[PDB]
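> have a look at this fold, sequence not included:
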């Protein structure tokens, strides 16, 4: 079959390209170790997903035999544990390391890189037992040494280990290692390791709904600002979800919009869908109409269509429509992770209406407002308007003597003393950008 | 450059025949419940004529 | 195992009058059987059941803080420190009282936090959570009257030990009212007059602005 | 004391490098 | 989640609770930090018999939080509890900070050795000699 020969040729080409690339990342690691410049290791992490799957088990075994020519204890211990391949006559002699290069032991950076590559390979293989064992061995190998350069790849190593363990539903088991390793990173101040470790520690509670624990771990912990964009986006998403479930809404919405903007524009379709969905529910709960622009995006269309229906129903303020939409889409809502806040909406609907009325009018007779918001009582209207003022959604003082509902006054602080405070934040941020730019000029 | 495999990627849920949507770009107030305009003035007017 | 003997239930004003047949229950047995990780499945059987009645006791005795020293386990137990098997009170006549306490004070954080545990039967209802939950759904909007009216819908354990304790906050809250009805008082509350007993702009900020501007200048001319 | 003595060396090595390339930056624009 | 049990006034009961807690202190430190008041009060209560264990627990809590000065102080209050202890991450960090502190104090004496010497706790010297 010519198809089999073509596939074998393609696999051989991919393996050769991958060996060349692995040599390139090894050279990058050597340069970063020599010059204390982890920029190359950041590049390797950035391009790490691209090299997820281009080899085979036998190719990996031959590569490891050729590379770890040094009498490395890690390879010595790992080889017997690896399943012994069947006797094969075809064994290419791959000896890139000769003389000084061969004598020099292979760096733990390279060892971890190759190990995590095997992790990705047998991960797509879904080889959970060996994944876990290899992760544990990697954990011991990292713990033996205390070099910062290792953590650069070790962070994604932990990430992949956690992802493997999630399938096994062993989060309650991982938590111990996660907490301990976070403590160690904190005692060493490893920025990226800390970022990923905090992220996964939060993710555990999020899936297990230990929200009080999550609040503890978010408030008491400290997130360094120099973290990566992706980890920042994850942190913002999880924090936004926690706050939104926590009945605090303004900060949650602000943070969620900031994260969504920070999130990749074209990648992470599902994750972007989830973040948009949580932000949509939060906004609707906070009595603000969302942006209709999103609900037409092709990238996030069908995962939201139920939410488009929900937002239209809430705006129209039709109880029958809201009940029917819930009755039709409760299962999807549960699946998404928004049932609690939607149950909150199911009685908080009238807040959006009070906000819209108090924003469109400037003085409404209380009987008129009662007729507007279908309450059937001036007393009920008075209570509701007092509630609107209390919650801080409207800024009108109710005068229960002439049915007045007096809105705000004439020109506000936003033309008297507000613009200066507004400009101060902008100027601080711009100067900060400039200072970071100048201080990040160059090494040589 | 991250796959950002947080975990989920919605599988289109109820993927069905395309509704064809509409290339026009529409704000929120676009779809409401109403009884047209001419009929509006018609149920209007009367009395003294509106 | 001091098995039972606390079978006072019936009606001894103090669950066991003296802590002897009461607190003694655990006293130090508290330590004995395992309470930190099939095992003492019987201790598990009396889990905090050793004091479920004791938690009920506190409420059966206007002992309030207590539940706070109590939730620890009934919660751990009904939150299931470990999925066991016998849980017939907090899934029904109880927990929802924690819910009462989840606001009773006035706080909400928790009220809405734990409300994820009650997995799904919350909306599926159970006579229990339903009312403990209906209150906030029927109070957050501001429909204060939505409850007082039939607030007597208490299909569970007393709960009265806080339903009023909470119905108290409403009073103080609704009292909040364009601070600063003449003598007619609020019809949702009106005891008579015992409630009457109950009770920059013009200077441009010079120093702060000077500080901020000088900081601008400092950062502008600074480490070359 | 490899746990600690090595702990201090890294604690005062990675940081001190940042004061190495900083010296060039201050050296670079000076000549310019 | 257990401070509710810890609230009892039985000395032996509270000591039992604390020994139960110290197993999971390292993993529930997040919340436990909200329970610093009770532990600090218990340690301040000199009459308590398990003051050594209370000091150990509080030093551990502060170590997790990050206030290493407080963590070292609580270790010093603990005294001989960790002197036997030699091989562990928390003890390693504690000894790191305490040895650095002894370094600084000795340096201060060296720069100002004209009497008025700052009293170096005998526990510091004992731990330095252990190392």
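All right, it came through fine. Numbering: from 1, shown residues only, chains lettered A, B, ... in the order given.

> which residues of chain D lie near chain A?
Counting by Cβ under 8 Å from any Cβ of the partner chain, the residues of chain D close to chain A are D:3, D:6-7, D:10, D:14, D:17, D:21, D:24-25, D:28. Placement of C-beta: from N, CA and C, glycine included.

> I should have written chain C there, sorry.
Residues of chain C that fall close to chain A, judged by Cβ under 8 Å from any Cβ: C:108-110, C:112-113, C:115-117, C:120, C:123, C:137-138, C:140-145, C:174, C:176-178, C:181, C:187-188, C:200, C:204, C:209, C:212, C:216, C:219-220.

> just give me the neighbour total for the residue in chain D positioned nearest to chain B.
Nearest to chain B, among the residues of chain D, is residue D:14, at 25.8 Å (Cβ to the nearest Cβ). The number of residues packed near residue D:14 is 14, by other Cβ atoms under 10 Å in any protein chain shown.

> likewise for residue C:63?
When neighbours are defined as other Cβ under 10 Å, residue C:63 has 17 of them.

> can you pull the contacts of it?
residue C:57 (Cβ atoms under 8 Å, 6 or more residues apart in numbering or on different chains).

> if we can go back for a sec, now a PyMOL select for only the buried ones of the residues of chain D next to chain A.
A single PyMOL command selects the buried members of the residues of chain D next to chain A (16 or more other Cβ atoms under 10 Å in any protein chain shown):
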select buried, chain D and resi 7+21+25
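
> where does residue 20 sit, in terms of helix or strand?
Picked chain A for this. helix A:2-35 (DSSP states H and E).

> look at chain E instead
Per DSSP H and E: residue E:20 is located in helix E:11-32.

> so after that helix, what's the next helix or strand?
According to DSSP H and E, the helix or strand after helix E:11-32 is helix E:36-44.

> close to chain A, is that following helix?
No. Against chain A, helix E:36-44 shows no contacts by Cβ under 8 Å from any Cβ, the least distance being 11.3 Å.

> kindly provide the distance from residue E:40 to residue A:219.
20 Å (Cβ to Cβ, to the nearest Å).

> higher neighbour count, those two?
Taking neighbours as other Cβ under 10 Å, residue E:40 and residue A:219 compare with residue E:40 leading, 16 against 11.

> so how far is stretch A:419-433 off the chain centroid?
For stretch A:419-433, the separation from the chain centroid amounts to 28 Å (computed by Cα atoms, centre = their mean, to the nearest Å).

> who touches it?
Stretch A:419-433 has contacts (Cβ under 8 Å, 6+ apart) with C:209, C:212, C:216, C:219-220.

> so, in contact with chain E or not, stretch C:68-82?
Yes. Applying Cβ under 8 Å from any Cβ, one finds stretch C:68-82 touching chain E at C:68-73, C:75-76.

> the closest residue to residue A:215 other than its chain neighbours: which element?
Spatially, and ignoring its direct neighbours in sequence, residue A:215 is nearest to residue A:242 (6.2 Å; Cβ to Cβ, 6 or more residues apart in numbering or on different chains). Using DSSP H and E, the element containing residue A:242 is helix A:229-245.

> helices and strands around that helix, which ones?
Helices and strands touching helix A:229-245, as assessed by 3 or more Cβ pairs under 8 Å, 6 or more residues apart in numbering or on different chains; DSSP states H and E, comprise helix A:191-208, helix A:211-220, helix A:250-262, helix A:269-285, helix A:339-360.

> may I see the buried residues of that helix?
For helix A:229-245, a neighbour-count test (16+ other Cβ under 10 Å) marks A:230-245 as buried.

> surely residue A:190 touches residue A:147?
No. With contact defined as Cβ atoms under 8 Å, residue A:190 does not reach residue A:147; the gap is 10.6 Å.

> how about the helices of chain D, start to end?
Per DSSP state H, chain D carries helices over the ranges D:5-11, D:14-31.

> and these: which comes nearest residue B:19?
Among those, the nearest to residue B:19 by Cβ to Cβ is helix D:14-31 (57.3 Å).

> please see if that closest one touches chain C.
Yes. Interface with chain C: helix D:14-31 contributes D:26, D:29 (Cβ under 8 Å from any Cβ).

> and for stretch A:334-350?
Yes. Legend: contact between stretch A:334-350 and chain C by Cβ under 8 Å from any Cβ is shown at A:334, A:339-340, A:343-344, A:346-348, A:350.

> report the buried members of the residues you listed.
Here, 16+ other Cβ under 10 Å leaves A:339-340, A:343-344, A:347-348, A:350 buried among the residues of stretch A:334-350 next to chain C.

> where's stretch A:313-326 relative to the chain centroid, distance-wise?
Distance of stretch A:313-326 from the chain centroid (Cα atoms, centre = their mean) equals 32 Å.

> what's the answer for stretch B:2-19, then?
Relative to the centre of its chain, stretch B:2-19 is centred 22 Å away, using Cα atoms, centre = their mean.

> quick one: buried residues of it?
Across stretch B:2-19, burial judged by 16+ other Cβ under 10 Å covers B:2, B:4, B:6, B:8-10.

> ok, stretch E:123-130 next?
Neighbour counts over stretch E:123-130 (16+ other Cβ under 10 Å) mark E:123-124, E:127 as buried.

> fine by me, thanks again.
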